[PDB]
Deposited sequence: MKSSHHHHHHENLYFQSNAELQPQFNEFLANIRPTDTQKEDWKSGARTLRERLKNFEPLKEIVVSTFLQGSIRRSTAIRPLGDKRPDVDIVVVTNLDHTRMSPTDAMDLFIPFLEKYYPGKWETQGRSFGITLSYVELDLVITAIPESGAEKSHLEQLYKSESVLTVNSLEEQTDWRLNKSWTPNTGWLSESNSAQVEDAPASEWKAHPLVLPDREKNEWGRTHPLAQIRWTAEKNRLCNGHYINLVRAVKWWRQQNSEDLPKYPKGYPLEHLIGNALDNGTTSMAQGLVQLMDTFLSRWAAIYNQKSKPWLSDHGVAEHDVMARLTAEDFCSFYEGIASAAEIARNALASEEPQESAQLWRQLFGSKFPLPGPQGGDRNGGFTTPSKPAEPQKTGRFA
């Protein structure tokens, strides 16, 4: 089903290698600098990478725009006594010292400008006490959390404190996920948009769920997410501003069914299921209610309006029609052109210098 062309398209819409090494080295350097700072030595507990970069669901920005990299700093502060503003203000001297003239505060996060990427770090705290805090800290200091490789590179990653990177000469025991009784009921607290109150977040469960869903779909979930994001970017004129980002990924993950064979079949099934599920809500002009993986009491589609959902539904209907007529076509060139009608021109059609010393 034109699999090599889809592979080339995916390779085209992925972030470049310079940006990848840039964000890896930046995360490692930031972690080391945070560890070595005396004023924040005891406060800081861990610093790990999150976001679509960690989950391998990120696309290449058009132009020279720097990609967004999400980082989390876990501290041992008490949120019941300290306001979010004080906690975020504890980090100003560090940014002024190590990153002069390149850092900026906005909303709930700080923004650091690197050579090719932009970091976006958030200050969080542990809401537990006693031995539960000790166990959570031991989990957060493990190699499973403190790794900088994406999910695509490590297909053997498991949320376990006894997991180690399996490296072979060319290509041992496969440890499994930890029981849900040890991590599922312990989320983290982070500041809100206005830095007036602490919210609840839990990204480790999101990473675990994404990895498991990718494993059950034979490594097609993240590629489908990237393809849908690229489709949204291309047809931006006829589509609303929202949903985008994590909510769009949540919709895609909900729509899919386990056991994906190929990318085109996966896309067709995804769009068909999406049209089938929310038809009743669409004809009533409302929006769905979807519960977050980490926190079950939160709605991901909380800030989305009904008209945005309706416009997205219409766009999905048109894309589903195009994909349906594209899949059935047997002529490779016609099918490739039909696929290019949606994805764009990046869907294909069927030097070392000398240095002496």
Counting from 1 along the deposited sequence, which stretches were left out of the model? 1-19, 191-193, 373-392
